[PDB]
Structures are given as C-alpha cells and as structure tokens.
>>> print(open('model14.tsv').read())   # TSV, C-alpha atoms
chain	number	residue	atom	x	y	z
R	1	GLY	CA	0.00	0.00	0.00
R	2	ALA	CA	0.84	3.67	-0.29
R	3	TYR	CA	-1.03	6.21	1.81
R	4	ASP	CA	-1.26	9.95	1.17
R	5	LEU	CA	-3.55	11.42	3.85
R	6	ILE	CA	-3.94	11.10	7.61
R	7	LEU	CA	-7.23	12.13	9.19
R	8	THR	CA	-6.50	12.63	12.91
R	9	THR	CA	-9.13	14.23	15.19
R	10	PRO	CA	-7.09	17.07	16.79
R	11	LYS	CA	-7.42	15.33	20.13
R	12	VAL	CA	-4.80	12.99	18.60
R	13	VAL	CA	-2.71	15.58	16.77
R	14	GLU	CA	-1.99	16.82	20.30
R	15	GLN	CA	-0.91	13.29	21.27
R	16	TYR	CA	1.50	13.14	18.32
R	17	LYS	CA	2.63	16.63	19.34
R	18	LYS	CA	3.25	15.28	22.86
R	19	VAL	CA	5.71	12.60	21.70
R	20	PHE	CA	8.10	15.32	20.50
R	21	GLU	CA	7.59	17.04	23.87
R	22	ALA	CA	9.23	14.13	25.71
R	23	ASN	CA	12.30	14.27	23.44
R	24	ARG	CA	13.09	17.96	22.97
R	25	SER	CA	15.96	18.90	25.41
R	26	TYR	CA	17.03	22.42	24.30
R	27	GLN	CA	20.83	22.86	24.11
R	28	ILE	CA	23.08	25.91	23.74
R	29	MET	CA	26.30	25.45	21.81
R	30	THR	CA	27.22	28.93	20.54
R	31	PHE	CA	28.27	31.30	23.31
R	32	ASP	CA	30.91	34.00	23.56
R	33	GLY	CA	29.16	36.46	25.87
R	34	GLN	CA	27.20	38.66	23.47
R	35	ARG	CA	23.53	38.18	22.49
R	36	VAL	CA	21.75	36.65	25.52
R	37	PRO	CA	19.33	34.07	24.04
R	38	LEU	CA	15.55	34.18	24.22
R	39	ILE	CA	13.15	31.27	24.24
R	40	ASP	CA	9.81	30.39	22.68
R	41	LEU	CA	8.76	26.83	23.80
R	42	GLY	CA	6.29	26.40	20.91
R	43	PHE	CA	6.36	24.31	17.75
R	44	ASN	CA	4.25	23.22	14.78
R	45	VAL	CA	3.60	19.99	12.88
R	46	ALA	CA	4.82	19.32	9.34
R	47	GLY	CA	3.47	15.78	9.01
R	48	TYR	CA	4.75	12.20	9.20
R	49	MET	CA	7.44	11.17	6.67
R	50	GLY	CA	6.52	14.07	4.40
J	1	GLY	CA	13.19	48.82	39.11
J	2	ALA	CA	16.27	47.82	37.17
J	3	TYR	CA	19.76	46.96	38.39
J	4	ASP	CA	23.12	47.68	36.76
J	5	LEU	CA	25.80	46.09	38.98
J	6	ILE	CA	26.46	42.90	40.92
J	7	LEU	CA	29.01	42.95	43.75
J	8	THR	CA	29.87	39.29	44.50
J	9	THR	CA	32.52	38.35	47.11
J	10	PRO	CA	34.69	36.34	44.69
J	11	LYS	CA	34.02	33.08	46.50
J	12	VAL	CA	30.52	33.34	45.04
J	13	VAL	CA	31.83	33.99	41.54
J	14	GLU	CA	33.47	30.60	42.03
J	15	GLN	CA	30.04	29.31	43.10
J	16	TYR	CA	28.35	30.84	40.05
J	17	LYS	CA	31.14	29.30	37.99
J	18	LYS	CA	30.43	25.98	39.72
J	19	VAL	CA	26.73	25.91	38.79
J	20	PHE	CA	27.73	25.92	35.12
J	21	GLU	CA	29.54	22.60	35.50
J	22	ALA	CA	26.42	20.71	36.54
J	23	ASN	CA	24.72	21.96	33.37
J	24	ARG	CA	27.41	21.40	30.75
J	25	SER	CA	28.85	18.44	28.85
J	26	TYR	CA	31.61	18.49	26.24
J	27	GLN	CA	30.49	16.83	23.00
J	28	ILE	CA	32.18	15.96	19.71
J	29	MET	CA	30.60	16.29	16.24
J	30	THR	CA	32.97	15.45	13.36
J	31	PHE	CA	34.56	12.10	12.44
J	32	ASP	CA	37.10	12.03	9.62
J	33	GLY	CA	40.40	10.61	10.92
J	34	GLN	CA	42.36	13.85	11.32
J	35	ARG	CA	43.05	16.51	13.98
J	36	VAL	CA	42.81	14.54	17.21
J	37	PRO	CA	40.94	16.97	19.49
J	38	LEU	CA	42.35	19.32	22.11
J	39	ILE	CA	40.75	19.89	25.51
J	40	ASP	CA	40.89	22.81	27.89
J	41	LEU	CA	38.34	22.29	30.74
J	42	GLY	CA	38.44	26.03	31.56
J	43	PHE	CA	35.93	28.79	31.03
J	44	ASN	CA	35.58	32.49	31.90
J	45	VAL	CA	32.54	34.35	33.24
J	46	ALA	CA	30.87	37.12	31.22
J	47	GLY	CA	28.29	38.15	33.81
J	48	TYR	CA	24.53	37.61	33.89
J	49	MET	CA	21.97	38.76	31.27
J	50	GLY	CA	24.53	41.17	29.84
>>> encode(input="model14.tsv", output="structure tokens")
Amino acid sequence: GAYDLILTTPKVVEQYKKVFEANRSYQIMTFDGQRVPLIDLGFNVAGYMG
Amino acid sequence: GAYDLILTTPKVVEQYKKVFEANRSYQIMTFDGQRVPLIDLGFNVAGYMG
C-alpha cells in the first residue's frame, strides 16, 4: 500500500505533538558572551514522513 | 526597578562558575580521521543577562 492522507481528530494531533515534547531537550552550543538568548517553547507539525 | 551592577565576594563567583559545571557536557561532532581533538576544561565568566 501507499497512503497519502492522515485524518487525525485534533485530540490525537496533540498526542503526536506530545511525543516530540518528551524528546526535545534544548541545548546551547554557541556562546561567547554577546547576544543573551531568548526562548519560545512552541512548535508546529509538518506531518509524518513528508 | 532595574539593576546595573552585581558585587559578589569572589568566593561566590566561584560558586556561580560551579553551577555551570552541573549543566554542561563536552560533546564531539565530526569524524574524519584527522586533527585529534584538544581539551581545555576552563571557562571564563561574562556576567549575567549582559
């Protein structure tokens, strides 16, 4: 088979959005004093395997 | 209000330097068989929020 659409009541888009939540772990690698960072803590969904 | 200075008996600069070490980990990213890496384990303090 070869699917193209997923239908997903948005009670379950929020479950798929919660799997990424358990695996995010923000990390800072570029730091030499200047430009104190600033955070957002939000993200969107681009699909599953395209 | 808004502050401009911090005064810090330099024992506590060494404590503020010590709280960085429980929140850092050196990590390596490239793998090509050249330039065996060089370590330093030292880091300077640039203040707090600028």
>>> interface_residues(input="model14.tsv", of="chain J", to="chain R", cutoff="9 Å", atoms="only C-alpha atoms", output="JSON, numbers by chain")
{"J": [45, 46, 47, 48, 49, 50]}
>>> atom_distance(input="model14.tsv", atom1="CA of residue 42 in chain J", atom2="CA of residue 15 in chain J")
14.6 Å
>>> atom_distance(input="model14.tsv", atom1="CA of residue 24 in chain J", atom2="CA of residue 4 in chain J")
27.3 Å
>>> atom_distance(input="model14.tsv", atom1="CA of residue 2 in chain J", atom2="CA of residue 44 in chain J")
25.2 Å
>>> axis_aligned_box(input="model14.tsv", around="range 18-31 of chain J", padding_each_side="4 Å", output="lines of an AutoDock Vina configuration file")
center_x = 29.6
center_y = 19.0
center_z = 26.1
size_x = 17.8
size_y = 21.9
size_z = 35.3
>>> residues_around(input="model14.tsv", residues="residue 14 in chain R", least_positions_apart="5", cutoff="12 Å", atoms="only C-alpha atoms", output="NGL selection string")
:R and (8-9 or 19-21 or 43-45)
>>> write_last_selection(input="model14.tsv", atoms="C-alpha atoms", output="mmCIF file, in the frame of the given file")
data_model
loop_
_atom_site.group_PDB
_atom_site.id
_atom_site.type_symbol
_atom_site.label_atom_id
_atom_site.label_comp_id
_atom_site.auth_asym_id
_atom_site.auth_seq_id
_atom_site.Cartn_x
_atom_site.Cartn_y
_atom_site.Cartn_z
ATOM 1 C CA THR R 8 -6.500 12.630 12.910
ATOM 2 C CA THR R 9 -9.130 14.230 15.190
ATOM 3 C CA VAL R 19 5.710 12.600 21.700
ATOM 4 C CA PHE R 20 8.100 15.320 20.500
ATOM 5 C CA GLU R 21 7.590 17.040 23.870
ATOM 6 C CA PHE R 43 6.360 24.310 17.750
ATOM 7 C CA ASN R 44 4.250 23.220 14.780
ATOM 8 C CA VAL R 45 3.600 19.990 12.880
#
>>> decode(input="model14.tsv", residues="range 2-25 of chain R", atoms="N, CA, C and O atoms", output="PDB file, in the first residue's frame")
ATOM      1  N   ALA R   2       0.166   2.381  -0.227  1.00  0.00           N
ATOM      2  CA  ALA R   2       0.837   3.674  -0.289  1.00  0.00           C
ATOM      3  C   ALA R   2      -0.168   4.745   0.097  1.00  0.00           C
ATOM      4  O   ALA R   2      -0.985   5.151  -0.732  1.00  0.00           O
ATOM      5  N   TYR R   3      -0.103   5.207   1.335  1.00  0.00           N
ATOM      6  CA  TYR R   3      -1.035   6.211   1.814  1.00  0.00           C
ATOM      7  C   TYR R   3      -0.581   7.608   1.409  1.00  0.00           C
ATOM      8  O   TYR R   3       0.583   7.838   1.084  1.00  0.00           O
ATOM      9  N   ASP R   4      -1.525   8.547   1.449  1.00  0.00           N
ATOM     10  CA  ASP R   4      -1.255   9.953   1.166  1.00  0.00           C
ATOM     11  C   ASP R   4      -1.848  10.919   2.177  1.00  0.00           C
ATOM     12  O   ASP R   4      -1.349  12.044   2.282  1.00  0.00           O
ATOM     13  N   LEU R   5      -2.890  10.539   2.906  1.00  0.00           N
ATOM     14  CA  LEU R   5      -3.551  11.422   3.850  1.00  0.00           C
ATOM     15  C   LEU R   5      -3.618  10.753   5.209  1.00  0.00           C
ATOM     16  O   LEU R   5      -3.609   9.526   5.311  1.00  0.00           O
ATOM     17  N   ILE R   6      -3.679  11.570   6.257  1.00  0.00           N
ATOM     18  CA  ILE R   6      -3.944  11.095   7.608  1.00  0.00           C
ATOM     19  C   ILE R   6      -5.047  11.989   8.164  1.00  0.00           C
ATOM     20  O   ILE R   6      -5.065  13.192   7.885  1.00  0.00           O
ATOM     21  N   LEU R   7      -5.976  11.416   8.933  1.00  0.00           N
ATOM     22  CA  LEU R   7      -7.227  12.130   9.185  1.00  0.00           C
ATOM     23  C   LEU R   7      -7.347  12.746  10.576  1.00  0.00           C
ATOM     24  O   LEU R   7      -7.855  13.865  10.673  1.00  0.00           O
ATOM     25  N   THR R   8      -6.961  12.036  11.648  1.00  0.00           N
ATOM     26  CA  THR R   8      -6.499  12.627  12.913  1.00  0.00           C
ATOM     27  C   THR R   8      -7.354  13.706  13.569  1.00  0.00           C
ATOM     28  O   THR R   8      -7.095  14.887  13.314  1.00  0.00           O
ATOM     29  N   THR R   9      -8.439  13.339  14.256  1.00  0.00           N
ATOM     30  CA  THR R   9      -9.131  14.231  15.187  1.00  0.00           C
ATOM     31  C   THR R   9      -8.117  14.977  16.044  1.00  0.00           C
ATOM     32  O   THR R   9      -7.259  14.330  16.652  1.00  0.00           O
ATOM     33  N   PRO R  10      -8.182  16.311  16.150  1.00  0.00           N
ATOM     34  CA  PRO R  10      -7.089  17.067  16.789  1.00  0.00           C
ATOM     35  C   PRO R  10      -6.935  16.835  18.284  1.00  0.00           C
ATOM     36  O   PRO R  10      -6.059  17.445  18.901  1.00  0.00           O
ATOM     37  N   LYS R  11      -7.760  15.976  18.881  1.00  0.00           N
ATOM     38  CA  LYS R  11      -7.416  15.331  20.134  1.00  0.00           C
ATOM     39  C   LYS R  11      -6.224  14.398  19.998  1.00  0.00           C
ATOM     40  O   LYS R  11      -5.571  14.114  21.006  1.00  0.00           O
ATOM     41  N   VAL R  12      -5.924  13.904  18.795  1.00  0.00           N
ATOM     42  CA  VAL R  12      -4.805  12.987  18.603  1.00  0.00           C
ATOM     43  C   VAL R  12      -3.642  13.632  17.863  1.00  0.00           C
ATOM     44  O   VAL R  12      -2.535  13.071  17.874  1.00  0.00           O
ATOM     45  N   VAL R  13      -3.844  14.789  17.230  1.00  0.00           N
ATOM     46  CA  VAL R  13      -2.707  15.577  16.771  1.00  0.00           C
ATOM     47  C   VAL R  13      -1.909  16.062  17.971  1.00  0.00           C
ATOM     48  O   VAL R  13      -0.674  16.078  17.956  1.00  0.00           O
ATOM     49  N   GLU R  14      -2.609  16.408  19.049  1.00  0.00           N
ATOM     50  CA  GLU R  14      -1.989  16.821  20.298  1.00  0.00           C
ATOM     51  C   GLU R  14      -1.281  15.672  21.003  1.00  0.00           C
ATOM     52  O   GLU R  14      -0.355  15.918  21.780  1.00  0.00           O
ATOM     53  N   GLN R  15      -1.673  14.422  20.743  1.00  0.00           N
ATOM     54  CA  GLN R  15      -0.915  13.293  21.271  1.00  0.00           C
ATOM     55  C   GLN R  15       0.378  13.087  20.494  1.00  0.00           C
ATOM     56  O   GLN R  15       1.427  12.826  21.086  1.00  0.00           O
ATOM     57  N   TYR R  16       0.308  13.186  19.164  1.00  0.00           N
ATOM     58  CA  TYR R  16       1.500  13.144  18.323  1.00  0.00           C
ATOM     59  C   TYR R  16       2.414  14.327  18.583  1.00  0.00           C
ATOM     60  O   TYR R  16       3.635  14.211  18.449  1.00  0.00           O
ATOM     61  N   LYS R  17       1.845  15.470  18.952  1.00  0.00           N
ATOM     62  CA  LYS R  17       2.631  16.628  19.343  1.00  0.00           C
ATOM     63  C   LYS R  17       3.271  16.435  20.713  1.00  0.00           C
ATOM     64  O   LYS R  17       4.281  17.076  21.012  1.00  0.00           O
ATOM     65  N   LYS R  18       2.735  15.533  21.529  1.00  0.00           N
ATOM     66  CA  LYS R  18       3.252  15.278  22.865  1.00  0.00           C
ATOM     67  C   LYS R  18       4.406  14.279  22.866  1.00  0.00           C
ATOM     68  O   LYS R  18       5.167  14.224  23.839  1.00  0.00           O
ATOM     69  N   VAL R  19       4.575  13.508  21.792  1.00  0.00           N
ATOM     70  CA  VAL R  19       5.712  12.598  21.700  1.00  0.00           C
ATOM     71  C   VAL R  19       7.007  13.372  21.495  1.00  0.00           C
ATOM     72  O   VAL R  19       8.032  13.057  22.113  1.00  0.00           O
ATOM     73  N   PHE R  20       6.986  14.400  20.650  1.00  0.00           N
ATOM     74  CA  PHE R  20       8.104  15.319  20.496  1.00  0.00           C
ATOM     75  C   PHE R  20       8.425  16.073  21.776  1.00  0.00           C
ATOM     76  O   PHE R  20       9.593  16.402  22.003  1.00  0.00           O
ATOM     77  N   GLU R  21       7.415  16.363  22.597  1.00  0.00           N
ATOM     78  CA  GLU R  21       7.593  17.040  23.874  1.00  0.00           C
ATOM     79  C   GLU R  21       8.488  16.267  24.833  1.00  0.00           C
ATOM     80  O   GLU R  21       9.282  16.882  25.550  1.00  0.00           O
ATOM     81  N   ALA R  22       8.419  14.944  24.825  1.00  0.00           N
ATOM     82  CA  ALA R  22       9.229  14.126  25.711  1.00  0.00           C
ATOM     83  C   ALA R  22      10.654  13.935  25.219  1.00  0.00           C
ATOM     84  O   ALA R  22      11.432  13.246  25.883  1.00  0.00           O
ATOM     85  N   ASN R  23      11.020  14.520  24.080  1.00  0.00           N
ATOM     86  CA  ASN R  23      12.305  14.274  23.437  1.00  0.00           C
ATOM     87  C   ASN R  23      12.905  15.567  22.897  1.00  0.00           C
ATOM     88  O   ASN R  23      13.585  15.565  21.869  1.00  0.00           O
ATOM     89  N   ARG R  24      12.660  16.696  23.560  1.00  0.00           N
ATOM     90  CA  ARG R  24      13.091  17.958  22.967  1.00  0.00           C
ATOM     91  C   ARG R  24      14.477  18.389  23.461  1.00  0.00           C
ATOM     92  O   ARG R  24      15.389  18.485  22.638  1.00  0.00           O
ATOM     93  N   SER R  25      14.676  18.602  24.772  1.00  0.00           N
ATOM     94  CA  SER R  25      15.958  18.901  25.413  1.00  0.00           C
ATOM     95  C   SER R  25      16.779  19.992  24.727  1.00  0.00           C
ATOM     96  O   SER R  25      17.743  19.667  24.027  1.00  0.00           O
TER      97      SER R  25
END
